[PDB]
Each structure stands twice: as C-alpha cells, then as structure tokens.
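Just one chain follows, in the form deposited in one PDB entry, and it is written as structure tokens.
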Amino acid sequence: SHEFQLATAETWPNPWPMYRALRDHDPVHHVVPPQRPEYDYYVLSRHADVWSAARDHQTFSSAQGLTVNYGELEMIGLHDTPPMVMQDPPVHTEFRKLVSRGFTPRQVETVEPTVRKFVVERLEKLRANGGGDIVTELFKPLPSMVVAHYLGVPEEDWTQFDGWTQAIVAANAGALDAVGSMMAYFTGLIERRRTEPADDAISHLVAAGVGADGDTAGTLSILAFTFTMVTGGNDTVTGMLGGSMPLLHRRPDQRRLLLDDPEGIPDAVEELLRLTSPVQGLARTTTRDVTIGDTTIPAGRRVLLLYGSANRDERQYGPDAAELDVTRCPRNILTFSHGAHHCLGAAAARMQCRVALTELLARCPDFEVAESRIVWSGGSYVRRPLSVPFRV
C-alpha cells in the first residue's frame, strides 16, 4: 500500500513508497481516522515543510505531546512535570541550558574506548560462532552503556541498569518493576551527587541546584530526564546500527569506498543516519492557523513531522535520494530534528555508529544479512529491528 498509515512491524520494512506518494501528491496530508474523525490530524512529508516546522516551536508546539493521539499528556499522567522533549521555550530553555553541560566533547571522548572494547568483544564472539543475531548480541545492549555514562551511573551498576533499561524500552514499544528500580536507584544517585559531583548531566542539574530540599519537583524533573534518556537513547541507536546492516550489505561498492578509505567513515555515518532516520516521525500541535501551500492547518491540530520522509525528499536530496551514497555529505538532515529540541545525544549516537562501523569493516568484512529475515519492532515513531540475523 501507498495509502497513509501509521507504521507497524509489518510495514517498517518498506515505508518509503508511501512517503513518496505523500510528498508528491499530498504533502500537507489530512488524516481523518474513519473510526474517529474528531481526531483528525495532519502529516508533513516534505523536507522544507518539516525543517521549518521543527524550527518554529512557537507555531508547532511540543507541549501537548509528540504523537498523533490527542489527550496524550493527560492520559499518561505527564501534565505537572513533563519531560524536556514536551516543554516549549522559555520553560524548556533553562533546563536544557543546565543539562547541556553534561553533553560536551569530553563526555563523548571518555566513553569511546569503553564502546570500542564491547563492540570488539561481541563481534569476535559472533565471528567465532560464525554469526548470530547482531541486534541481540551487540546493537541492543551497546547503547545502554552510553546512556549509563551520560547519567553518571558507576560502571559497576551497568548490568543492573541495562536490565531495567531493556524492560522499559520493550514496554514503551508494562515495566513496573524496572520503573520502580530506576526511580529508587536514581533518587539515591541524585542525593549522592549533592556531595560527590561528577561531570555528567545529573551532577550538573544537582550542582546547579535542581531538586534541593526534599523538593522535589526538581527531583521529579531529574527523574523525568533519566527516563527521557532511557526511552530515547537506546532503541534509536539500535535502529541506526541494525538498519545500517541491510544498507551496507546490498552495496558492496559503498563498503569498498570505506574499506579503501576508512576516513570516509564519519561521512558514511551521516548518510546512514539519513537513510535509517530511526526517529521516523514525531508530532507537534499547532498554536495558531498555519498555511503551507494550499492547505491551512487549523490551530489546535496535531501535525506529524515525518523526519524519515524529509530525509528521503528528492527535492532536497535529488532523484537518487533513496540510495546509499557514503560520499553524499547530506545537508541539513532531520535525524536529530532541528531547532530547540535538537538531539543532545547526536555526538554520542554518531560515535557509536562510527565505532561499530569501523570494527564491522575491520573484523567482519565478509558478512551476510537477509533483509527478509529482519524482524522490526512495533511502534509507529521509531523504526528499529528486534533481530537482524548475521552470518560471518
């Protein structure tokens, strides 16, 4: 089908034609759900519309939620202390300013050798067994360690922390024990950082004074951030890493460029981020009428920003937008959104892609994946594999 529909595990394999049908024939697409026409919403598939909408937080608010489901915030219980990705400026501004102190070049640099060691270990394990599931053995567990790092979790607690993480990530595709452990654990770690600060985002929040004094809205705000980190920082990286496998497999010319010139790997990472776009879409809510071409979207409606389509928009990337070109150097990709909410983890995600790719090519250059045997996670916003069978 080319008909608009929110993705399911069955449709994640190949949503691209439907994006194209939208972009060509109905770029400001009105969804009127037959069973609930009142919950109509709009859909944006073109690069230019998505780029400007992502930037224009005044018109396209994050404050009501990020899906197409009206009533989201209230329904899940997030009004009083929403995550930063559901705050607009000016409120979003000060918090973002404080937490950003934990997202610097030094934080991505200090974890990189840890990332490489783990990749090496799991790739050698796969190699030795002649293959296995590269998601289960590597692409799933890997991102948790990086999130743990950015949260200042002591390494000795990472295995416990990853267990909680995996339960939460699957549920958010449900996780009561894992939620409770994390909230118990971080409440304790937050208290600890009052007297033993580190360079991480939590330490920075606490050092800058958030949560002081059994109070606590501040504390819930740091806990909400921990959940933002866990729910946004894992499945996305796994979609990047796992989604890259079929793309590289089918293009031995493109692997050649990188095998002959590994310094093209940074650039190769951007192209992979472009085509995988693990956050394929997120919504905004119009705060006033807004006209894009011939469609006026009414104030108060949800708008789905198809980052995944914008990244494949032929108007921005040319008629071959659909194909891997590791030398593209794409401009203005939408993988990490654009504007106030631009992914704080962008450098961390890029690093994990760079290390994994470098070591895949160094250690498992003759590898096979069967696209038809990839199993995609459910859920309509992030596109990531649950399993990628891998033979070496």
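Think of the rigid core as the biggest set of C-alphas that the two forms share within 1.5 Å after superposition. Sequential numbering from 1, following the sequence displayed.
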Coordinates lacking for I202, a third or more of other entries: no
Coordinates lacking for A173, a third or more of other entries: yes
Chain break class for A173 to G174, judged by how many deposited residues have no coordinates: 4 to 9
Residue stretch of maximal mean CA temperature factor, 311-319 vs 116-124: 311-319
Per the entry, higher mean C-alpha B factor between 375-383 and 17-25: 17-25
Member of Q166, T295, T276, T286 with the greatest C-alpha B factor (per the PDB record): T295
Selection by C-alpha B-factor (highest) of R331, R354, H342, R55: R331
Assigned third (lowest, middle, highest) for the C-alpha B factor of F367: highest
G281 - which third its CA temperature factor falls in, relative to the rest of the chain: lowest
Relative C-alpha B-factor of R251, binned into the chain's lowest, middle or highest third: middle
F336, C-alpha B-factor rank within chain (lowest, middle or highest third): lowest
B-factor third for the C-alpha atom of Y42 within its chain: middle
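Another form exists, deposited in another entry; not displayed. Remarks below refer to it.
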Displaced position between this form and the one not shown, chosen from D253, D294, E263, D80 (C-alpha, 2 Å or more, rigid core): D80
Displaced residue check between this form and the one not shown: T114, CA, 2 Å or over, core reference: no
Rigid-core frame, C-alpha of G218, shift of 2 angstroms or more between this form and the one not shown: yes
Sense of the change in Cα distance from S100 to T81 in that other deposited form - at least 3 Å versus the shown form: farther
Cα separation of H92 and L78 in that other deposited form versus here, shift of 3 Å or more: farther
